[PDB]
Amino acid sequence: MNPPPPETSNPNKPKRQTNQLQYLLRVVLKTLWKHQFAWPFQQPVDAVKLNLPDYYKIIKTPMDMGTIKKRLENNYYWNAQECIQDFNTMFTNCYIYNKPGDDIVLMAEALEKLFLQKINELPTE
Ligand SMILES: O=c1[nH]c(-c2ccccc2F)cs1
């Protein structure tokens, strides 16, 4: 069974646009999205479709790149660090729900490396 997906808007949360957040969407997210290992992470985990009935018994703060993309598009974040935290949550969730060496973990490991390469240097404000 699936919980509601994470919010992509929140009217009482303040919005912001920064050069770094623009970069996270245009360069970081959009490039990672095209990687051959991106597909499992392009939408929230569907526990019914993927037959993972224990997924949300284990993962209590789900995150995916579809959600991140919508958050960036809606200027949901206050700063780049907040967005980076969502990417890190996504990767960590994968390591938590699975085990070292699993195919899905190998995919997350590769994406995390590419992610770190890309956020090593961000534009200046
Ligand atoms: O920890 C995660 N597993 C998956 C997944 C698992 C089985 C089949 C397809 C998937 F996207 C996405 S994230």
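Residue indices begin at 1 and follow the sequence shown. Below, all heavy atoms of this structure are taken into account, side chains as well, without hydrogens, waters or symmetry copies.
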Under 4.5 Å between side-chain heavy atoms, counting indirect links through other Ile/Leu/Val/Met/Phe/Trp/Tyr residues: same cluster for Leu116 and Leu24 or not? yes
If you apply the rule side-chain hydrogen bond (donor to acceptor under 3.5 Å, both in side chains), what do you find for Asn79 with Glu82, and how did you get there? CA-CA 6 Å; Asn79 62 25; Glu82 189 179 357; over 6 Å; no
Starting from the C-alpha separation in whole Å, work towards a yes-or-no answer on side chain to side chain contact (heavy atoms under 4.5 Å, CB included) for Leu32 and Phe87. CA-CA 11 Å; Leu32 282 167; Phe87 276 98; 3.8 Å; yes
Distance flag, aromatic centroids of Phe115 and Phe91, threshold under 6.0 Å: yes
So, do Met63 and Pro6 sit near enough that their side-chain heavy atoms are less than 4.5 Å apart? yes
Are the side chain of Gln43 and the backbone N or O of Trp39 linked by a donor-acceptor pair below 3.5 Å? yes
Is it true that, when you exclude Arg16 itself, more than 12 heavy atoms of the residues, nucleotides or ligands shown sit nearer than 6.0 Å to its CZ? yes
Evaluation steps, side-chain hydrogen bond (donor to acceptor under 3.5 Å, both in side chains), between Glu109 and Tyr95: CA-CA 9 Å; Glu109 286 167 354; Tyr95 309 141; 5.8 Å; no
Identify each donor-acceptor pair in which a side-chain atom of residues 47-57 lies under 3.5 Å from a protein atom, sequence neighbours left out, and give them as a table.
residue : atom : partner : partner atom : Å
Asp54   : OD1  : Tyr97   : OH           : 2.7
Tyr56   : OH   : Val45   : O            : 2.6

Heavy atoms of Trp33 and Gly66 approach each other most closely as CZ3-N, 3.9 Å
Taking a hydrophobic cluster as the set of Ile, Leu, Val, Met, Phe, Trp and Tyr residues connected by side-chain heavy atoms closer than 4.5 Å, whether directly or through intermediates, do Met90 and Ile84 fall within one such cluster? yes
Look at the side chain of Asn19 and the backbone N and O of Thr124, then say whether any donor-acceptor pair between them is shorter than 3.5 Å. yes
Would you compute the distance between atom CG of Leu25 and atom SG of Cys83 and round it to the nearest 0.5 angstrom? 8.5 Å
Quick check: does any side chain N or O of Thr31 sit under 3.5 Å from a backbone N or O of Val27, one acting as donor and the other as acceptor? yes
Residue pair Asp64 / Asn93, side-chain heavy-atom distance below 4.5 Å: no
Hey, could you give me the NZ/NZ distance between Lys69 and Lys30, rounded to the nearest 0.5 Å? 5.5 Å
Looking only at non-hydrogen atoms, find the nearest pair between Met107 and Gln36 and report the distance. CE-O, 4.5 Å
Using a 6.0 Å cut-off, check whether atom NZ of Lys113 has over 12 heavy atoms from anything other than its own residue. no
Distance to the ring centre below 6.0 angstrom and angle to the axis at most 45 degrees; does that hold for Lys13 and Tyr76? yes
Hydrophobic cluster identity match, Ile59 and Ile68, side-chain contacts under 4.5 Å: no
Do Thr89 and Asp86 have side-chain atoms, one donor and one acceptor, less than 3.5 Å apart? no
At their closest point, which heavy atom of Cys94 faces which heavy atom of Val105, and how far apart are they? O-CG2, 4.0 Å
Any side-chain donor paired with an acceptor under 3.5 Å for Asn10 and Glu7? yes
Between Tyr77 and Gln20, do the side chains contain an N or O donor and an N or O acceptor separated by less than 3.5 Å? no
Exercise: identify the closest heavy-atom pair between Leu111 and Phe37: CD1-O, 3.3 Å
How long is the straight-line distance from CG of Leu72 back to CD of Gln17, given to the nearest 0.5 Å? 8.5 Å
If every non-hydrogen atom of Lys15 is compared with every non-hydrogen atom of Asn75, which pair is closest and at what distance? CB-O, 3.1 Å
